[PDB]
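Trainee: Supplied in structure tokens, the structure appears directly below.
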Amino acid sequence: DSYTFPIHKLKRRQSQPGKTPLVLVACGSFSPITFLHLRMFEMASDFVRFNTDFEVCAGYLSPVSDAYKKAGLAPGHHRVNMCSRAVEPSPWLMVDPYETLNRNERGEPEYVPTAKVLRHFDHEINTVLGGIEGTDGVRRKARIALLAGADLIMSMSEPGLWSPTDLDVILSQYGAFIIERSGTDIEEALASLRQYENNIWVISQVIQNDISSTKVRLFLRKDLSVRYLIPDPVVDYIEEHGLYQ
Amino acid sequence: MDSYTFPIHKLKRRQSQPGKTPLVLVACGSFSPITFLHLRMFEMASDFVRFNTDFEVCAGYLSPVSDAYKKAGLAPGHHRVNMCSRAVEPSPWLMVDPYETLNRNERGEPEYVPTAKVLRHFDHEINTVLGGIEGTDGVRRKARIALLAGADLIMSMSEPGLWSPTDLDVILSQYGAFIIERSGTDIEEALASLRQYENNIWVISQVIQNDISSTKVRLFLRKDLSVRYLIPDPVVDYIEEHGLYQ
Ligand SMILES: NC(=O)c1ccc[n+]([C@@H]2O[C@H](COP(=O)(O)O)[C@@H](O)[C@H]2O)c1
Ligand SMILES: NC(=O)c1ccc[n+]([C@@H]2O[C@H](COP(=O)(O)O)[C@@H](O)[C@H]2O)c1
């Protein structure tokens, strides 16, 4: 029936003393989800364990609204369904369809800016649910942070797509874990953004792996195999519903 | 039963395409553990064969090497077979052949099978025992058996002592090799000495970058890092269930 914020895999009581509870949010098109998108969560989990004082409590996929001005974007409920099946075996990853459900007065899909997405997660976990219980018994605000590849930081540093007020909210109140791989040179983007350099965590990608959703759609159109680039249940879903022609 | 049975449950013995020579791909490797890259290599070879050759793919076989190969990080053969089998159970065309891991000498010890003898074994089981592959014209033909390999295996063929020159001649004159070339890397010079034993060599360019090697997966496992989404979930579950890779 109606929208319920997913919590079936949210750790609501911490296990590690002295650690700040953390929730990771991946905002993207996910058209379709790939193994790289999923691997980025695991890389972020590993980095947090050994390089921060955070304790990871959940990972959320946030598929973008159908109103987003982008090519190759399948219908929102399909992208949500593909993501959900991809993370069904995961013990800690969930999909939040919130962005795909936003509608304007006339009922058309309405785009949700990333700053408003992060406030939505902040609201559901910390205001509605009461935060995360520590080993000290204190229910705390989970830190909410974005999880994105290097292209997102480069996008944030170029004027035109991000308003200064949103950038300030996103990076000063929440933060971003950024996966950086070989060949990508994000040095200039960090320079233009270094006033927030303390809520920006750059994670080196040790194993090179650059599969994009765009390449996956191309392969689907040319009748090339996408097995082992995206999860099996997503391959089946795409075939069952004839997505991406 | 307890005795060895050649797997054929996904073997296509009837062709669907006219004018095509039937082809069986054999990946000889350690698979300790199998990764998504090993599986992707079969799909890339399938894509290449369909659109760039006059072959028709009839099966893909994983052939985990004998424990007698004695290499660092080589888990027990029955474990590697189980990991490959579970990894490939959802596949429509890939199978695991435990033949190499089941080979034993007189002393009951694992006995190494050189790759040339592995290909002869596939030739024997598919073409001699089973009688080959029927074409769309109703004519029964021998399937071409060919190796599917990455660049490290091809480069090893140039390591003196490792592969007999006579085995290389059999492998490359009678069977062949589909070779995955990583993006940015140029393996042509390593190939140069090998195109001298007939040109039954097909190079498949890998456009999508992917370096998930078994060596890196073992390192991550030793350092207590996650390998989920680098290797199949059933392999992750098997490794945790049996405590493999320290
Ligand atoms: N001003 C903004 O909030 C803004 C601008 C550009 C992109 N984005 C977000 O970044 C994500 C882009 O995802 P993709 O990399 O899959 O295209 C989307 O969630 C998009 O909404 C937000
Ligand atoms: N003389 C030979 O037949 C010979 C020599 C070295 C390696 N090999 C084969 O090459 C494969 C190497 O596999 P990996 O790259 O996964 O370690 C194995 O199947 C191994 O048996 C064969």
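Residue numbers (UniProt numbering), protein chains in the order written: chain A, 37 to 281; chain B, 36 to 281. Beta carbons: idealized from backbone N, C-alpha and C, even for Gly.
(1) Using the Cβ count rule (16 or more neighbours within 10 Å means buried), how would you classify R217/B?
(2) Tell me whether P133/A, by its Cβ, gets closer than 7 angstroms to a heavy atom of ligand 2.
(3) Please list the partners that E78/B has in chain A, where partner means a Cβ-to-Cβ separation under 7 angstroms.
(4) Is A151/B near ligand 2, in the sense that its beta carbon is under 7 angstroms from a heavy atom of that ligand?
(5) Using the Cα positions of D102/B and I69/B, report the straight-line distance between them to the nearest angstrom.
(6) Could you list which residues in chain B have their beta carbon closer than 8 angstroms to that of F71/A, in chain order?
(7) Starting from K251/A, find everything on chain B with Cβ-Cβ shorter than 9 angstroms and list it in chain order.
(8) Is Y210/B near ligand 2 - that is, is its Cβ less than 7 angstroms away from at least one heavy atom of it?
(9) Below 8 angstroms between beta carbons: does that hold for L46/A and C93/A?
(10) Which two residues bound the contiguous beta strand (DSSP E) that contains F66/B?
(11) Determine, for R230/A, whether the minimum Cβ-Cβ distance to residues of chain B falls below 8 angstroms.
(12) Would you verify that the beta carbon of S81/B is, or is not, closer than 8 angstroms to some beta carbon of chain A?
(13) For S51/B and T171/B, I'd like the C-alpha separation in whole angstroms.
(14) Indicate whether the contact test is met: 3 or more Cβ pairs, each with one atom in the stretch 126-136 of chain B and one in the stretch 144-158 of chain B, closer than 8 angstroms.
(15) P200/B lies in the alpha helix (DSSP H); which residues open and close that run?
(16) Using only CA atoms, which one of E78/A, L137/A, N162/A and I215/A lies nearest to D37/A?
(17) Quick one, which of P42/B, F86/B and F71/B has its alpha-carbon nearest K258/A's?
(18) Compare the C-beta of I247/A with all C-beta atoms of chain B and state if any pair is closer than 8 angstroms.
(19) Report yes if the CB atom of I206/B is closer than 8 angstroms to the CB atom of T150/B, and no otherwise.
(20) When DSSP labels each residue in this structure, what does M130/A get in the three-state scheme?
Mentor: Once the coordinates are examined:
(1) buried
(2) no
(3) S261, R263 and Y264
(4) yes
(5) 15 angstroms
(6) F71 and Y264
(7) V242 and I243
(8) no
(9) yes
(10) Note, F66/B: premise wrong, no beta strand (DSSP E); not H, not E.
(11) no
(12) yes
(13) 6 angstroms
(14) yes
(15) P200 to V205
(16) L137/A
(17) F86/B
(18) yes
(19) yes
(20) strand
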